[PDB]
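Colleague: Taken in order, these protein sequences are the chains called B and A. When we follow the deposited numbering, the leftmost residue of the first sequence carries the number 24, and every step to the right adds one. When we follow the deposited numbering, the leftmost residue of the second sequence carries the number 24, and every step to the right adds one. All C-beta atoms, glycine included, are put in the ideal place defined by N, C-alpha and C.
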Amino acid sequence: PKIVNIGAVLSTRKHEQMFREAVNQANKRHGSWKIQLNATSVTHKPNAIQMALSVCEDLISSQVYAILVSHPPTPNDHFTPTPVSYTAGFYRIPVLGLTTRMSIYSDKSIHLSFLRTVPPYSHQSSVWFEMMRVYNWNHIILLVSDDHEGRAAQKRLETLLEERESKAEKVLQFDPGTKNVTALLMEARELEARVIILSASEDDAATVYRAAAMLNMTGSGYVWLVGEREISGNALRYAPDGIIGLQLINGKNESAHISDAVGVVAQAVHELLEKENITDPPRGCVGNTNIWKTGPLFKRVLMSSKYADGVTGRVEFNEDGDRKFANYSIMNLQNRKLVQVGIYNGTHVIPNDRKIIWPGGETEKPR
Amino acid sequence: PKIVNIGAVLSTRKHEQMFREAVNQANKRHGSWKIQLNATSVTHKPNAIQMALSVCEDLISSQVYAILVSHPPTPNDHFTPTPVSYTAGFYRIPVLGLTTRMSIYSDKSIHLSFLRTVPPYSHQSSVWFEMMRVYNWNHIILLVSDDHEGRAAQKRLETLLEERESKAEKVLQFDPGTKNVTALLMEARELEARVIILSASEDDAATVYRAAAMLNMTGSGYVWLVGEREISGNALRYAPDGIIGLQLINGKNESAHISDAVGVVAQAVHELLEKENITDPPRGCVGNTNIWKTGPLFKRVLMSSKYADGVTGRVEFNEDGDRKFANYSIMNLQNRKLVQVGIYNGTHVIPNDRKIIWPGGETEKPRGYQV
Ligand SMILES: *[C@@H]1O[C@H](CO)[C@@H](O)[C@H](O)[C@H]1NC(C)=O
Ligand SMILES: *[C@@H]1O[C@H](CO)[C@@H](O)[C@H](O)[C@H]1NC(C)=O
Ligand SMILES: *[C@@H]1O[C@H](CO)[C@@H](O)[C@H](O)[C@H]1NC(C)=O
Ligand SMILES: *[C@@H]1O[C@H](CO)[C@@H](O)[C@H](O)[C@H]1NC(C)=O
Ligand SMILES: *[C@@H]1O[C@H](CO)[C@@H](O)[C@H](O)[C@H]1NC(C)=O
Ligand SMILES: *[C@@H]1O[C@H](CO)[C@@H](O)[C@H](O)[C@H]1NC(C)=O
Ligand SMILES: *[C@@H]1O[C@H](CO)[C@@H](O)[C@H](O)[C@H]1NC(C)=O
Ligand SMILES: *[C@@H]1O[C@H](CO)[C@@H](O)[C@H](O)[C@H]1NC(C)=O
Ligand SMILES: *[C@@H]1O[C@H](CO)[C@@H](O)[C@H](O)[C@H]1NC(C)=O
Ligand SMILES: *[C@@H]1O[C@H](CO)[C@@H](O)[C@H](O)[C@H]1NC(C)=O
Ligand SMILES: [Cl-]
Ligand SMILES: [Cl-]
Ligand SMILES: [Cl-]
Ligand SMILES: [Cl-]
Ligand SMILES: [Cl-]
Ligand SMILES: [Cl-]
Numbered sequence: 024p025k026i027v028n029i030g031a032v033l034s035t036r037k038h039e040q041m042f043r044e045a046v047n048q049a050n051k052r053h054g055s056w057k058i059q060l061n062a063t064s065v066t067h068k069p070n071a072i073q074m075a076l077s078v079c080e081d082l083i084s085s086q087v088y089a090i091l092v093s094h095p096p097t098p099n100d101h102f103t104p105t106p107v108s109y110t111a112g113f114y115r116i117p118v119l120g121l122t123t124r125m126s127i128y129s130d131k132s133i134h135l136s137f138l139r140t141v142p143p144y145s146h147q148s149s150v151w152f153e154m155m156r157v158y159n160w161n162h163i164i165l166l167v168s169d170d171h172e173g174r175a176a177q178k179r180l181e182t183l184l185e186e187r188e189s190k191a192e193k194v195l196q197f198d199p200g201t202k203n204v205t206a207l208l209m210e211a212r213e214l215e216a217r218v219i220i221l222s223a224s225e226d227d228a229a230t231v232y233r234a235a236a237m238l239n240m241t242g243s244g245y246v247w248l249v250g251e252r253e254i255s256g257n258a259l260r261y262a263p264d265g266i267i268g269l270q271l272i273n274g275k276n277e278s279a280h281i282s283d284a285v286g287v288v289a290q291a292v293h294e295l296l297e298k299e300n301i302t303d304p305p306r307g308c309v310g311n312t313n314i315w316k317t318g319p320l321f322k323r324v325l326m327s328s329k330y331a332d333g334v335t336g337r338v339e340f341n342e343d344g345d346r347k348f349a350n351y352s353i354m355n356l357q358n359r360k361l362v363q364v365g366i367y368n369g370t371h372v373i374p375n376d377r378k379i380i381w382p383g384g385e386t387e388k389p390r
Numbered sequence: 024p025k026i027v028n029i030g031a032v033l034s035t036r037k038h039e040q041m042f043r044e045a046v047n048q049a050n051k052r053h054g055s056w057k058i059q060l061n062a063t064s065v066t067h068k069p070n071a072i073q074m075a076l077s078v079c080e081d082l083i084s085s086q087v088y089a090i091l092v093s094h095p096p097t098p099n100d101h102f103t104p105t106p107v108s109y110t111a112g113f114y115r116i117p118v119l120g121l122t123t124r125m126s127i128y129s130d131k132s133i134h135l136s137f138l139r140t141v142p143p144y145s146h147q148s149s150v151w152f153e154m155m156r157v158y159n160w161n162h163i164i165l166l167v168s169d170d171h172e173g174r175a176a177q178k179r180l181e182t183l184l185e186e187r188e189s190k191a192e193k194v195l196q197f198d199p200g201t202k203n204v205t206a207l208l209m210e211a212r213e214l215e216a217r218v219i220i221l222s223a224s225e226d227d228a229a230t231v232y233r234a235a236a237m238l239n240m241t242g243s244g245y246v247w248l249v250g251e252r253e254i255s256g257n258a259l260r261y262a263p264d265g266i267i268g269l270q271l272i273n274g275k276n277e278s279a280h281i282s283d284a285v286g287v288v289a290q291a292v293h294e295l296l297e298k299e300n301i302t303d304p305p306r307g308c309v310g311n312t313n314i315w316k317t318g319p320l321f322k323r324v325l326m327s328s329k330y331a332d333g334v335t336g337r338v339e340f341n342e343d344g345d346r347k348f349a350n351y352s353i354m355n356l357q358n359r360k361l362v363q364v365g366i367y368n369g370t371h372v373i374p375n376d377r378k379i380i381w382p383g384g385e386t387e388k389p390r391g392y393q394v
């Protein structure tokens, strides 16, 4: 009866409980004959020192094969995984994030021991790419954050725009923390195109919306295309009517992602302990300066795993650990109410019977 | 020929060249017939995402043996090495700290590729213990911030007090960054002990200094014994006359450490290349998830290295993580002006000629102890 520990850092005590269930439920699902999956976990810490310290003292110390990182889906939490990733990445222990959508985790270096059940915001540009053409606009204005996250959605959208009739036109970028995006929009206003795509924080989207309206870029022939987040929080409070944003279906549904992540990890642990040339994970974090050799192997099996019937539906991973084929519900601001006017899944936009109102009030697609 | 690369993250463009010259000088001093030291460096980055990325794209990408980390010595930059230590720790490349004194880096098991030519703030408790040896304080209230830093200072002082017939008369901890301390200091004032040891951030120190001056804990009987930081910035603007604080000699001196680090990294890299089974450091960051097995070795070489005639004293690193063992200087607040009233060698507190006015303008030494 081989005991295999699985660690998680989660939001609440009830989620710790939800994890303990989902694990030993998936334990009976697979078969407790050969291996028996064990759940050990800790409540999340917002203080990234105290957090990194907990991953050693509470998780890695008790022989863990992989860690799940969860936290409140708030914009001043979306980085509580960085310490966990760095600490566990030290020994090559795969970290399975399930809330955070920050693109820095999907980079080709730094977070090499990381994968997630939810796509980064930079992938919302794959929807915008389909959106363009479905509604036949193909000359756009683009403004991104000029922090990593912003350029990550620019670099992507513009890659898809290559090889294609549609071109970038003019890419503009602002300093992340600014009030005063006036002279930047002022320059965009006199430009050719009037379908604006935005990538910003909740409060930064708010600042451009606020200043866009003050410069009369808010209505008529203008189209505003954003993602989720640019229609969350204060961004919603100051958004122009007729803006098109997105929302990741099941994105904030933490109980779902605990269920699916335990799904793939259980499924991939059995897959792993079949190879029979594997080492046990280190119980270290104390003068232990060596990795476990079968670390990255487990990580490769992890992110090449295929797992349909998931509660977030058909969960498989990226070239570098991102969720593949995720469902975004297309949103639209009609009279201060976000109404589902479409739905993107994997690829392709599929609108419903309900009609879109465009920025300014006038129905019927602008140019 | 044979080129050996050394990385560095430093404060300015002119500190970068300061580093490059120190590497060139280390070659002209060492052998340099077999191996020739080289200098690749980047400037420091506040934003921790951009710093981690720079360590990969600029430093690790240039096949680096060890990375030096410096930065402005502001209380806002003291954490800048965490992304460097994590990113380079990922491959077991040794990171050498020059300016940060945060105690978290000294920890067992969080930063295992980290070195520093400067001791942590928690080590100031070694100085306070000696301050109590001289000046016979045997009854103390010790208030520390209830974070890792404050707790690190109380754990080390309590250890030192344990192996002696003593402990803190009472230990008090406040929530880092609170603006109400009035309550805590109330139960402190009614105690027997009258010498107060504080371990707080520079802004937290000011909060307690005025909450203390108000409940009347500044005059006469009291002794205020703190460390650097509790006498820096907003603290010291609000610190009571007669407060005694520490100041790490050549702590804020970048060029002095840029030199000494290059010195010991040069001294140790020669030692390493003297050995059998040495593998080259990782070429790049991208899609690379193996370490270099000699990384841990090289770090153990670095830590057991000795270096006399630094500029900053005798350079050597202890076992715990690694931290220098060298001189501090005792400062006293007189007429709102910090004047040196003593100096601490590696071991003993040794008073100077200059006389020392205690809290509340008092001329002669108090004893704490209720009076
Ligand atoms: C299994 O998990 C429990 C907590 O759920 C933990 O206390 C125990 O140590 C784990 N088993 C092993 C063998 O470590
Ligand atoms: C900042 O905004 C002010 C008024 O809102 C304006 O006068 C100034 O030109 C703006 N500059 C930039 C760079 O946005
Ligand atoms: C603002 O410009 C838009 C053109 O997009 C137009 O609908 C509206 O009449 C303008 N209003 C003013 C006051 O200039
Ligand atoms: C989480 O997911 C469930 C379905 O699995 C659904 O009721 C809802 O969207 C979320 N509810 C809670 C309580 O998290
Ligand atoms: C939505 O995605 C599915 C499965 O990934 C794909 O086959 C299909 O093209 C999309 N929807 C429609 C209506 O075709
Ligand atoms: C040596 O360092 C310089 C920068 O000072 C760097 O550009 C060069 O590529 C390095 N040479 C080797 C062989 O690594
Ligand atoms: C909070 O502070 C005010 C004065 O600063 C005081 O009236 C009150 O007693 C304090 N309470 C606590 C718990 O510090
Ligand atoms: C008040 O303050 C002075 C110095 O600030 C001090 O000597 C005295 O003991 C304190 N207490 C009273 C009751 O005055
Ligand atoms: C650093 O040490 C040097 C001697 O190397 C000394 O002259 C100076 O005080 C320090 N540097 C600065 C900039 O103060
Ligand atoms: C001061 O310096 C050294 C430590 O480096 C030590 O040998 C000596 O005993 C110390 N104190 C005195 C009073 O000499
Ligand atoms: Cl700007
Ligand atoms: Cl206009
Ligand atoms: Cl920066
Ligand atoms: Cl408090
Ligand atoms: Cl009183
Ligand atoms: Cl010391």
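With three or more C-beta pairs closer than 8 Å as the rule, is the segment 111-120 of chain A touching the segment 313-320 of chain A?
Modeller: The segment 313-320 of chain A, when compared against the segment 111-120 of chain A, does touch it at the 8 Å Cβ threshold.
Colleague: Return yes when the C-beta of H146 of chain A is under 7 Å from any heavy atom of ligand 10, and no when it is not.
Modeller: Because no heavy atom of ligand 10 lies under 7 Å away, the Cβ of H146 of chain A does not count as near it: no.
Colleague: Would you verify that the beta carbon of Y261 of chain A is, or is not, closer than 8 Å to some beta carbon of chain B?
Modeller: With 8 Å as the cut-off, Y261 of chain A does not count as an interface residue toward chain B.
Colleague: Skipping 5 residues on each side, what residues in its chain have a beta carbon closer than 7 Å to that of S84 of chain B?
Modeller: Correct list, in chain order: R306 and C308.
Colleague: State yes or no: is the beta carbon of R124 of chain A nearer than 8 Å to at least one beta carbon in chain B?
Modeller: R124 of chain A does not count as touching chain B.
Colleague: Output needed for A284 of chain A: all residues of its chain with C-beta closer than 7 Å, excluding positions within five of it in sequence on either side, in chain order.
Modeller: Closer than 7 Å at the Cβ level, and outside the excluded window around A284 of chain A, lie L91, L119, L121 and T140.
Colleague: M41 of chain B and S278 of chain B look like a contact to me (Cβ under 8 Å); what is the Cβ gap, rounded to whole Å?
Modeller: The pair is a contact, with the Cβ atoms about 5 Å apart (cut-off 8 Å).
Colleague: Would the segment 353-366 of chain B count as touching the segment 326-339 of chain B if we require 3 or more Cβ pairs under 8 Å?
Modeller: Verdict: no, contact absent.
Colleague: Do we get a CB-CB distance below 8 Å when we pair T317 of chain B with the residues of chain A?
Modeller: With 8 Å as the cut-off, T317 of chain B does not count as an interface residue toward chain A.
Colleague: For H67 of chain B, which of helix, strand or coil comes out of DSSP?
Modeller: DSSP places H67 of chain B in coil when its eight states are reduced to three.
Colleague: With DSSP collapsed to three states, give me the class of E342 of chain B.
Modeller: Here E342 of chain B sits in coil by DSSP.
Colleague: I want to verify the contact list: residues of chain B whose CB lies under 7 Å from the CB of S132 of chain A, in sequence order.
Modeller: Within 7 Å Cβ-Cβ: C79, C308 and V309.
Colleague: Closer than 8 Å, CB to CB, is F113 of chain A near chain B or not?
Modeller: So yes, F113 of chain A belongs to the interface.
Colleague: Just the Cα atoms here: how many angstroms apart are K193 of chain A and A62 of chain B?
Modeller: Roughly 40 Å separates the two Cα atoms.
Colleague: For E385 of chain B and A236 of chain B, what's the separation of their Cα atoms in angstroms?
Modeller: Spanning the two alpha carbons is a distance of roughly 17 Å.
Colleague: Do the segment 145-159 of chain B and the segment 226-244 of chain B meet, that is, are 3 or more Cβ pairs less than 8 Å apart?
Modeller: The segment 145-159 of chain B, when compared against the segment 226-244 of chain B, does not touch it at the 8 Å Cβ threshold.
Colleague: Please work out which residues of its chain come closer than 6 Å, Cβ to Cβ, to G30 of chain A, disregarding the five sequence neighbours upstream and downstream, and give them in chain order.
Modeller: Correct list, in chain order: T63, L82, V87 and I90.
Colleague: Could you tell me which uninterrupted beta strand (DSSP E) segments, each at least 3 residues in length, are contained entirely in the segment 111-169 of chain A, listed from first to last along the chain?
Modeller: Runs of the beta strand (DSSP E) inside the segment 111-169 of chain A: 118-120, 137-139 and 163-168.
Colleague: For chain A, is any of its Cβ atoms less than 8 Å away from the one on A89 of chain B?
Modeller: No, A89 of chain B lies away from the interface with chain A (no Cβ there is under 8 Å from its Cβ).
Colleague: At least one CB of chain A closer than 8 Å to the CB of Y128 of chain B: is that the case?
Modeller: No, because no Cβ of chain A sits closer than 8 Å to the Cβ of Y128 of chain B.
Colleague: Quick one: what does DSSP say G286 of chain B is sitting in, helix, strand or coil?
Modeller: Correct three-state label for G286 of chain B: helix.
Colleague: Among residues of its own chain, excluding the 5 on either side of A291 of chain B, which ones have a beta-carbon nearer than 8 Å to its beta-carbon?
Modeller: Same-chain partners within the cutoff: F321, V324, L325 and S328.
Colleague: Nearest chain A C-beta to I72 of chain B closer than 8 Å, yes or no?
Modeller: True, the Cβ-Cβ gap to chain A drops below 8 Å.
Colleague: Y128 of chain B and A176 of chain B: beta carbons closer than 8 Å?
Modeller: No, the Cβ-Cβ distance between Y128 of chain B and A176 of chain B is not below 8 Å.
Colleague: Spatial neighbours of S77 of chain A within its chain, please: C-beta separation below 6 Å, excluding the five flanking residues on both sides.
Modeller: So the list reads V65 and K68, once near-sequence residues are dropped.
Colleague: Jot down the residue ranges of each uninterrupted beta strand (DSSP E) in the segment 228-258 of chain A, minimum 3 residues, whole runs only, in chain order.
Modeller: Whole beta strand (DSSP E) segments, 3+ residues: 246-248.
Colleague: Following the continuous beta strand (DSSP E) through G30 of chain B, name the residue where it begins and the one where it ends.
Modeller: Counting along the chain, the beta strand (DSSP E) containing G30 of chain B begins and ends at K25 to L33.
Colleague: Please check the pair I272 of chain A and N350 of chain A, which I expect to be a contact at CB under 8 Å, by giving their CB distance rounded to whole angstroms.
Modeller: The Cβ separation is near 5 Å, so the contact holds.
Colleague: State the Cα-Cα distance for the pair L208 of chain B and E251 of chain B, rounded to the nearest angstrom.
Modeller: Their Cα atoms are separated by approximately 21 Å.
Colleague: Should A75 of chain B be flagged as near chain A, meaning a C-beta pair shorter than 8 Å?
Modeller: Interface residue, yes.
Colleague: Contact criterion: CB-CB distance below 8 Å. Does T63 of chain A meet it with respect to chain B?
Modeller: No, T63 of chain A lies away from the interface with chain B (no Cβ there is under 8 Å from its Cβ).
Colleague: Quick one: does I267 of chain A have its CB under 8 Å from some CB of chain B?
Modeller: For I267 of chain A, the answer is no, since every Cβ of chain B falls outside 8 Å of its Cβ.
Colleague: With distances taken Cα to Cα, identify the nearest neighbour of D100 of chain A among A:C79, A:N70, A:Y109 and A:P117.
Modeller: When only C-alpha atoms are compared, the closest one is A:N70.
Colleague: Beta-carbon separation of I26 of chain B and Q48 of chain B under 8 Å?
Modeller: Not in contact: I26 of chain B and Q48 of chain B (Cβ atoms no closer than 8 Å).
Colleague: Kindly identify the DSSP beta-bridge partner or partners of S352 of chain B.
Modeller: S352 of chain B pairs with B:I366.
Colleague: Can you name the residues of chain B whose CB is closer than 7 Å to the CB of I314 of chain A?
Modeller: Ordered by position in chain B, the residues that pass the 7 Å Cβ test against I314 of chain A are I314.
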